[PDB]
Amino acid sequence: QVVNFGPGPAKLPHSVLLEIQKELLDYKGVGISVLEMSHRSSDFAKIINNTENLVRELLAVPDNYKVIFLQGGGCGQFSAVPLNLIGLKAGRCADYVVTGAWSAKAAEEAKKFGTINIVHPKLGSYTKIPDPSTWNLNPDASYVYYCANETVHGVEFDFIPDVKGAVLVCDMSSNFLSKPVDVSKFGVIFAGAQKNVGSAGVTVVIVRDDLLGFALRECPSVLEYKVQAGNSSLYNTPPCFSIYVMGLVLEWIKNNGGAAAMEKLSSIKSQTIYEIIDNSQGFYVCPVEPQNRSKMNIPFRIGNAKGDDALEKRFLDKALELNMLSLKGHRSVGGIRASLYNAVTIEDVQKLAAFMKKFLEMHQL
């Protein structure tokens, strides 16, 4: 019955958790657990190769791109991206687009490795994507960074920005494989697996193969793109079980229609919630401009623009009573947040939709 609206780590498909359970003591007959499996064995080589192929297949990754699986999460890439790329041009400058909490954290972290310049004026509220025409781009910048989907504020790019030919780095942790992606436009894409593509413990990084070999001296070898691509992500012991779980979710996505189907399913899901908000007559307020609304994370308030705390606690308390978990908004924003990642089914959103309507039908004045 439990409906898991978790923001990350999130819900995994039930069929995947069933297979992990039944294979847990004897993976496909070899007689051991994946938790016991050597990363140098023929069996795990087949696991990590199939996981990489699915990333290339589902996203249509061109052959001039490496696909490596690192540790440290997305916040690790907040340091791995500058350590690997900020020396690409001698100036060691990088231009950053800050559309929410995770772009801000990444921009601040990069200040530890070079001079970071935010290309747009500071926004009073994380409610819109600054028009790319307003971007003040440095022609000598080593790269340009932006976050595809801001998990805390629900601001998402439905376009790949024009960065005047500079190398493009994109944080796609919260919408990875929720839609097709023109990988050819990017220099580095990274995404933590714990939102749309697996369990916590592994990060997928897609790097253009000529962007290796610019890493700083202080870059840890386990986080250097050049080192890990040359060892097929096996420079040291990889998160074997996380990569095994990730490949199963990737297989689940492929059986369900790939990135194209995920885009359609995430449209039906997000539209179901935005439809309640847009016709709520101010009872639900979503502050994001409609043309930048995320299809993965829908944060909103109850009552008014700043939110009525008394009504929102009653919403969450009744929501928890119905076994709908992790609907509380992020600590820094409060309010409500619904995360509708790939594993969240339509029936799961249909339960949330029915509850929001009955709650609105009981408290609108």
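When you see a residue number, it is the position in the sequence shown, counting from 1.
Asker: According to the deposited model, is the average Cα temperature factor higher in 232 to 240 or in 215 to 223?
Answerer: Going by the record's values, the stretch with the higher mean is 215 to 223.
Asker: What stretch has the higher average Cα B-factor here, 312 to 320 or 23 to 31?
Answerer: Per the PDB record, 312 to 320.
Asker: Which one of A200, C286, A80, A191 shows the top CA temperature factor in the record?
Answerer: That would be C286.
Asker: Return the residue from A166, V207, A259, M172 that has the highest Cα B-factor in the entry.
Answerer: Reading the PDB entry, the winner on C-alpha B-factor is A166.
Asker: Compared with the other modelled residues in the chain, in which third is the CA B-factor of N304?
Answerer: Highest third - that is where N304 ends up once the chain's C-alpha B-factors are sorted.
Asker: Going by the recorded CA B-factors, say which third of the chain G100 sits in, lowest, middle or highest.
Answerer: For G100, whose C-alpha B-factor we compare with every modelled residue in the chain, the answer is the middle third.
Asker: Going by the entry, which third of its chain does the Cα temperature factor of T115 land in?
Answerer: Highest third of the chain for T115's C-alpha B-factor.
Asker: Among the modelled residues of this chain, does the Cα B factor of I48 put it in the lowest, middle or highest third?
Answerer: Its C-alpha B-factor belongs to the lowest third of this chain's values.
Asker: According to the PDB entry, is the CA B factor of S332 in the bottom, middle or top third of its chain, that is, lowest, middle or highest?
Answerer: Within its chain, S332 is a highest-third residue by C-alpha B-factor, going by the deposited values.
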